[PDB]
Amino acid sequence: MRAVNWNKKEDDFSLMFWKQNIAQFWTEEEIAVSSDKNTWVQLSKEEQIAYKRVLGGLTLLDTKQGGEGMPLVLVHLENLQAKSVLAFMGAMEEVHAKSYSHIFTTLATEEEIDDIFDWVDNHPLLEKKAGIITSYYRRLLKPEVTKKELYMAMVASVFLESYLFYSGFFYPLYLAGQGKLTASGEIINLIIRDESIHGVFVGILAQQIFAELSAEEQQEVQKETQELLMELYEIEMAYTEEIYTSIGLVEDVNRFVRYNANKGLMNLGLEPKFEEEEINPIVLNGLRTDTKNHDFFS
């Protein structure tokens, strides 16, 4: 049986991504969020509910990625250096999920927090959204998977990392770009920094497997990738309708969803499918934070 040997490179990418992972290492204790309550009490009730709901939804997605997505993909990889990178990325998904609880502790009481998590667990739309993604992961719970099954699981993972998070990321960035809940916004930006390199890395791995598929299987996964993209898009539009109608931001979020769907496609080496529009300028302001340049190695 093979042991991992980092003195002979198995690919051209894993070492650079291993090092970047660790340079980006962070934990929620590094960002105090208590100063956010001064601006949190300035938000209307409808604004507060939307914010708690999107964080609950993000917590669910990170839970599934750390507890199902990364471990079931990595266990079937033969490249031991790439396997190592995914194990660390899976650990950081748990840091992300925990960091949302750090935000909640400040903004809501014990009973408010339980209610939000009850809502997440029983929401039919989140169940369907998460269930579609994890059905690609659960296929891998067997001793032997085909390259086609592994490819589609990586596509599912990139679509989560690069696309499905962003209907939720939109609102903390929108508020932070206006100077509201800026400490929480710093944590969201640290999360986004990680997910940006997660999606690139899994996209690289998917493209290597794609080249090993037969001509007929490439045609099959291409069609299935396009159907999955559009199936998830239909769900995101229903989700943004439910979350953002009360605060008048549905069209803004949908634009941001299509914008990130195009990035997720490009991570897989595929051409964009939605019309090119520029990022919302307030969201763009929320992505500027001094915390994002912190290197662990310094």
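The first residue of the sequence shown is number 1, and the count goes up from there. Only the largest set of C-alpha atoms that superpose within 1.5 Å between the two forms is called the rigid core.
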Could you say which moves further from this form in 7 other deposited structures of this protein, stretch 51 to 59 or stretch 22 to 30, by root mean square CA distance after aligning on the core? 22 to 30
Stretch with higher mean Cα temperature factor, 165 to 173 vs 134 to 142, is 134 to 142
Residue range whose averaged C-alpha B-factor is higher in the record, 7 to 15 or 283 to 291: 283 to 291
Highest Cα B-factor in the deposition, which of 68, 252, 46, 62? 46
What's the residue among 105, 225, 208, 99 with the greatest CA temperature factor in the PDB record? 105
Using the B-factor values recorded in the entry, state whether the Cα atom of residue 38 falls in the lowest, middle or highest third among the modelled residues of its chain. highest
Sort the modelled residues of this chain by their C-alpha B factor and say whether residue 149 lands in the lowest, middle or highest third. middle
Going by the entry, which third of its chain does the Cα temperature factor of residue 95 land in? lowest
Residue 248: which third of its chain by C-alpha temperature factor? highest
Residue 182 - Cα temperature factor, lowest/middle/highest third of chain: middle
